[PDB]
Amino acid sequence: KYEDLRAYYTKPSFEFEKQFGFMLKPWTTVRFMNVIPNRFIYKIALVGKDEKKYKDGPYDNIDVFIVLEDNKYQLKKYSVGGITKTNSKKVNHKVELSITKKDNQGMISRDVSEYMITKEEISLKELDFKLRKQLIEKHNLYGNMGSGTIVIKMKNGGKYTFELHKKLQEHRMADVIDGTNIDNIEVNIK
């Protein structure tokens, strides 16, 4: 049942900082930012709030969190969202990650760890992806259980919720938040 999710959220990810973003002739109706950290051009789709945010550029000093999408019908490999402004100063903002899990036998277990935030501005894409990957690896998410929530709890009381039974909505992969205003992170698997 959860094979597609497990496959997607165990893909490798790539992260680069202080990149030079540029725009080319568009090759679809969605616009893209391009970065070349090494010799491979990463193409990043501009969705959600990013469509308004970036016009022709170029855009220096951006960080990117990249996951290459499966699209059988596009030869170009691309990622979606995950663009942020690079740090102005170094950040080490340690937050509590609590994990409550009710397994297929209804047994409730509770665990805790700490999650190091290193970015002033961080995409929901990166938090969603890295957290689900950690959950798959350490708590067998998408093994027997594949529903519930990840909740990023902010210092003003606000919440960003990722529902585990489906992929993060595409537009939300462009949403960015203040990494240092993250109060804690709560996972509830069922």
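The numbering used is simple: start at 1 and walk along the sequence shown.
*Asks:* Which is higher in the entry, the mean Cα B factor of 81-89 or that of 103-111?
*Replies:* Comparing 103-111 with 81-89, the higher average CA B-factor belongs to 103-111.
*Asks:* Looking at the deposited entry, does 29-37 or 124-132 carry the larger mean Cα B-factor?
*Replies:* Mean CA B-factor is higher for 29-37.
*Asks:* Determine which member of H171, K18, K167, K11 has the highest CA B-factor, using the values in the deposited entry.
*Replies:* Top of the list by C-alpha B-factor: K18.
*Asks:* C-alpha B factor of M116, ranked within the chain: lowest, middle or highest third?
*Replies:* Tercile = middle for this residue's CA B-factor.
*Asks:* Tell me, lowest, middle or highest third: where does the Cα B factor of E69 rank within its chain?
*Replies:* For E69, whose C-alpha B-factor we compare with every modelled residue in the chain, the answer is the lowest third.
*Asks:* Ranked by Cα temperature factor within the chain, is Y54 in the lowest third, the middle third or the highest third?
*Replies:* It belongs to the highest third of the chain when residues are ordered by C-alpha B-factor.
*Asks:* Using the temperature factors of the C-alpha atoms in this entry, rank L141 within its chain: lowest, middle or highest third.
*Replies:* Tercile = middle for this residue's CA B-factor.
*Asks:* What third of its chain, lowest, middle or highest, does the C-alpha temperature factor of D183 fall into?
*Replies:* It falls in the middle third of the chain.
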